[PDB]
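Here the protein sequences come in this chain order: A and G.
For the first sequence, PDB author numbering assigns the number 2 to the initial residue and increments by one for each residue that follows.
For the second sequence, PDB author numbering assigns the number 57 to the initial residue and increments by one for each residue that follows.
Where a beta carbon is used, it is the ideal one built from N, C-alpha and C, also for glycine.
Some notes on the structure that comes next.
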Amino acid sequence: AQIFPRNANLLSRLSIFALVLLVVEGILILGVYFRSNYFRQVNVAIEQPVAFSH
Amino acid sequence: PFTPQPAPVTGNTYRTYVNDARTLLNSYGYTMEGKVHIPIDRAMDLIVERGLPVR
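Listed below in structure tokens is the structure:
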């Protein structure tokens, strides 16, 4: 009350919650990127110099 | 990147030729000029029994 305003308690609790969610989202983004079809070149028609038709 | 969906083949394929040849190679039958069919796993046995010239 001397320094911090009224909503500082809710702001600090929401900051802890958002930091935990941000850590989880970063781990999730790293895992999805290392398992993604773009990274692993999956389900993409890789272009050939002749475009041979199987 | 989803799994691609190619367009289906809308024309004549090799399957008609393969199925017609496999039907003609079985269940005996007659040609247009010759005498009679001899099917697969029969004419190979006749070839083995009658032999082939060697050297």
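Test: residue i CB closer than 8 angstroms to a CB of chain G
i: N38(A); result: yes
i: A52(A); result: no
i: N10(A); result: no
i: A2(A); result: no
First and last residue of the uninterrupted alpha helix (DSSP H) at residue i
i: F58(G); result: No alpha helix (DSSP H) holds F58(G); DSSP gives it neither H nor E.
i: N10(A); result: 9-36
i: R71(G); result: 70-80
i: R106(G); result: 99-106
Supposed contact pair residue j and residue i - C-beta distance, whole angstroms, cut 8 angstroms
i: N82(G); j: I96(G); result: 7 angstroms
i: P57(G); j: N10(A); result: The Cβ separation is near 46 angstroms, so there is no contact.
CB contact check: residue i to chain A, cutoff 8 angstroms
i: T69(G); result: no
i: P64(G); result: no
Residues within the region 14-34 of chain A neighbouring chain G, beta-carbon criterion of under 8 angstroms: none
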